[PDB]
Amino acid sequence: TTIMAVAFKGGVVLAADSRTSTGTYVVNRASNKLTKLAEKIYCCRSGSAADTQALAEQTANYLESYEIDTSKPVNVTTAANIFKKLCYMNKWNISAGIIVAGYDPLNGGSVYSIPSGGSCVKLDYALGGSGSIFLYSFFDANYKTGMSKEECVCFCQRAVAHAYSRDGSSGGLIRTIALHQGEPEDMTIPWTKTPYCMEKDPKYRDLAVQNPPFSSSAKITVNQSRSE
Amino acid sequence: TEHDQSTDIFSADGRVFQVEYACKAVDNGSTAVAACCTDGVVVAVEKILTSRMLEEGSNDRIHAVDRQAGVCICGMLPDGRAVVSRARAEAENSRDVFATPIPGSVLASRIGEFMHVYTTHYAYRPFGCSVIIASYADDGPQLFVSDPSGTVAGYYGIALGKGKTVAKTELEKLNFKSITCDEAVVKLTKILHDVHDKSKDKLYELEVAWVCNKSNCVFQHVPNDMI
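Residues numbered from 1 in each chain as written, not as in the entry; some residues may be left out. Chains lettered and ligands numbered in written order. Part of a larger assembly, values for the part shown. Heavy atoms only, no water.

- Method of determination for the deposited model, per the PDB record: cryo-EM, at 2.25 Å resolution.

Notes on the pattern of salt bridges
Residue and element names in this part refer to chain B.
For step 1, the next point in the chain: A full pass over the atoms with the stated rule returns 13 salt bridges over all chains.
For step 2, the next point in the chain: Residue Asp 66 is joined to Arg 95 by a salt bridge in which the shortest nitrogen-to-oxygen separation is 3.0 Å. Of this pair, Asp 66 sits in strand 3 (residues 62–66) while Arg 95 sits in helix 2 (residues 77–98), placing them 29 residues apart in sequence.
For step 3, the next point in the chain: The class for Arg 95 is partly exposed, based on a relative accessible area of 22%.
For step 4, the next point in the chain: Each of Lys 47, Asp 60 and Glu 205 takes part in salt bridges that share partners, so that together they form one network. (Salt bridge = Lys/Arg side-chain N within 4 Å of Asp/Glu carboxyl O. Helix = DSSP H or I, 4+ residues; strand = E, 2+ residues; numbered from the N terminus. Buried < 20%, exposed > 50% of the residue type's maximum accessible area, 1.4 Å probe, protein only.)

Notes on the packing of helix 2 of chain B against helix 3 (residues 104–117) of chain B
Residues and elements named next belong to chain B.
For step 1, the next point in the chain: Interaxial distance between helix 2 and helix 3 falls to 10 Å at its minimum, and their mutual angle equals 135°. In this view, helix 2 runs oblique relative to helix 3, as classed from their interaxial angle. At the point where helix 2 passes helix 3, the crossing takes the right-handed sense. Residues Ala 82, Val 83, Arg 86, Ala 87 and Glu 90 of helix 2 pack against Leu 107, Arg 110, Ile 111, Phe 114 and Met 115 of helix 3.
For step 2, the next point in the chain: Per-class residue counts for the contact of helix 2 with helix 3 are seven nonpolar, no polar and three charged. (Axes fitted to C-alpha atoms, helices over the stretch in contact; angles between N-to-C directions. Parallel < 35°, antiparallel > 145°, perpendicular 65-115°, else oblique. Left-handed = near helix turned anticlockwise from the far one by under 90°. Contact = heavy atoms within 4.5 Å. Nonpolar A, V, L, I, M, F, W, Y, C, P; charged D, E, K, R; others polar.)

Some remarks on the packing of aromatic side chains
For step 1, the next point in the chain: What the rule picks out here adds up to twelve aromatic pairs over all chains.
For step 2, the next point in the chain: Both rings, one in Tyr 125 of chain A and one in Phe 139 of chain A, keep their centres 4.6 Å apart while their planes meet at 35°; by these two values the pair is tilted. With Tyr 125 of chain A in strand 10 (residues 125–128) and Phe 139 of chain A in helix 3 (residues 136–142), this pair connects stretches of sequence that are 14 residues apart.
For step 3, the next point in the chain: Between the aromatic rings of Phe 114 of chain B and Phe 127 of chain B, the centroid separation amounts to 5.5 Å while the plane-to-plane angle is 40°, which identifies the pairing as tilted. Remark: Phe 127 of chain B occurs in the loop between helix 3 and strand 5 (129–137) and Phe 114 of chain B occurs in helix 3; sequence separation between them is 13 residues.
For step 4, the next point in the chain: Here the aromatic cluster, defined as three or more aromatic residues joined through ring pairs, consists of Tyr 125, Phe 138, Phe 139, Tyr 143 and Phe 155 of chain A. (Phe/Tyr/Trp six-rings, centres within 6.5 Å; stacked < 30°, edge-to-face > 60°.)

Shown next as structure tokens:
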């Protein structure tokens, strides 16, 4: 799994891959890991599918009740706090890394990270899942604050493509959603139009020379392609 | 005259007689010649037949030891065959351990070392063969000879066996910088037909091999039509 969320000027972008696997076999190649918690607040889910589905549903139930009781739309910080409490009270019996992100008019676009263990950290961007390890350096080199909404969608699509080209446990579609004061905008990129993969990178077209033909010299040239 | 019974004893004059006697077996054997062109190396040898009923290829004196190198034996053939096995093992060791085709100069020095060790110990005798080594690896075309003493040298052209004194005379009238591998086969075969003694040895044939650019630096017998 590869998940992330990034803040921009006046909102957030969430992104993910679409693969669910038992280790070496793909059970679903088109999962949806961006889960809605309220009109402008979403989470990204990693770890056990069963545990994350169950805690997202419970968090959403509590936010809907709260919103009816106050007659106002909820803030991102309230969703993060409710979710944190469920992750922390159940930490020994679950496998879950969560990112909560969204837009509200008090604080604008906000991103919170809730990793294994149940801590809660407020950031400018967050990464999660098996594929995150491949992206720390990509962001350290190429991320800046103050990107526009279109810059930020394009950047997150590229980041997800890099992680899934190297991580065997990630793959498939790239899903994104952008949250701001207007309406939410979702997008799905198919593998055939991915912005990066190893299979089409020209520096990996020519094969390594592992199988040189039997020769009278120690010079290494080409791979054998036909029987002698 | 007890000093000539084993190879582990010097004589008073500083000689090792068992090794000299082994050399006399090579000098009484059939003649061989070889030449180093700019392309490659060519070897040719006379086979004395003992019967008119032999198959072709019987008692071959020339043997491949790697893709790019070969050996020709003079003197006693079964002794030569023990050296061929050793040489095959050294060429394989070089490919397996060092990932190279064995250079010609290294192959010749290992063959020399192996032959020398049988001139040192009371329980073994010296080999009764001299070996011609022909190679074309990353050090270019190379032709060497190793004798029963284990002495090793490099040559442009060489002759061995009972016709060698005359054959040497005729190799000295060749031009080694200029000659190609197709000319060489004609000249070398001529020398061997001329020194053959028709009284003593009635039946004979010639065996010829090469390694050159034409062959892709593969050591092989020449096709029987080019004689």
